[PDB]
């Protein structure tokens, strides 16, 4: 029930623990399955895969692939693992996670705390068989690849992620947004796609680029330009923002890092519209940023998203939020004339 979690449970956990401790606890609980129907309307085919429902869990929750199965159990149409780095790295010194309850927002500067490719690969291979079945059933797995803080070759770091986890991923994600020109971007992504095309004995995973909501007009044109030029399979809009919107009440708003949650809701959707227009609706887009209801989800899809993802909403509303968003999205699609989710993609631009 939505009320119990929002009014009591989540608030209870927030007074007993600091955000990073709660995050780790959330992962334990989710991976153990101490948790507990998708219509055909929500089914989305894109990126060469089938998704029973368009609501996935965004990268950052399960950084080391410890709770994949638990996440699907919570109702997610797809799971995106970590932001995994080649070598293990501790990340920024603590505290590095801050709660903004009144804003239904969070601010983090984790710095890519990661177990590493070796560990995540081992874990994911251990369940490769189960995931194979999951994928076949419209529950794809995404893997977000990062790079080490001290690494010298960014492209080499990502490429290594493609080789090690490409065989295990349904789709891969390269960041360029965690809180440089059109040429440096083109070289990085071409080497990644080349490594992807070099894979064998495995189904080639789609490659998407995740961008920040903090981009200049030139940044968006360049990203759109390179994406179409290289044939990027998609884009994830949007990642956290460094800006602090006028109206933030949280006492920790002055904290450095990326802001997620409701404050990022519309900035995320507007970026989706802009990127969708710059790519002429030719590049599938996964919309993320402040999704907390079916309606927020529909606004992202109409702006141009084929799929959406959420994270912060789960932090304050808990598991029930996943069920509520899907239920509302379905009800709204009907009410607004769309026979399927696919029909609403890019509806804003079509007028």
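Residue numbers count along the first chain shown, from 1.
Q: With respect to the deposited sequence, how many residues separating residue 179 from residue 180 are not represented by coordinates: none, 1 to 3, 4 to 9, or 10 or more?
A: Gap between residue 179 and residue 180: 4 to 9 residues without coordinates.
Q: How much of the deposited sequence is absent from the coordinates between residue 36 and residue 37: none, 1 to 3, 4 to 9, or 10 or more residues?
A: The entry has a gap there, with 4 to 9 residues left out between residue 36 and residue 37.
Q: If you average the CA temperature factors as listed in the entry, which stretch comes out higher, 46 to 54 or 293 to 301?
A: Higher of the two, by average CA B-factor, is 46 to 54.
Q: Going by the B-factors listed in the PDB entry, is the mean over the C-alpha atoms higher for 136 to 144 or for 185 to 193?
A: Higher mean C-alpha B-factor: 185 to 193.
Q: With respect to the C-alpha temperature factors reported in the PDB entry, which of 41, 317, 288, 59 ranks highest?
A: Checking the PDB record, the top C-alpha B-factor among 41, 317, 288, 59 is at 41.
Q: Quiz for you: based on the deposited Cα B-factor, which of 117, 211, 278, 155 is highest?
A: Top of the list by C-alpha B-factor: 155.
Q: Sorting by Cα B-factor within the chain, modelled residues only, which third would residue 244 end up in: lowest, middle or highest?
A: For residue 244, the deposited C-alpha B-factor lands in the middle third.
Q: Going by what the PDB entry lists, where does residue 199 fall on CA B-factor within its chain: lowest, middle or highest third?
A: CA B-factor rank for residue 199: highest third.
Q: Is the Cα B-factor recorded for residue 77 in the lowest, middle or highest third of its chain?
A: Lowest third.
Q: Is residue 323 in the lowest, middle or highest third of its chain when residues are ranked by C-alpha B-factor?
A: Middle third.
Q: Among the modelled residues of its chain, does the C-alpha B-factor of residue 149 lie in the lowest, middle or highest third?
A: Highest third of the chain for residue 149's C-alpha B-factor.
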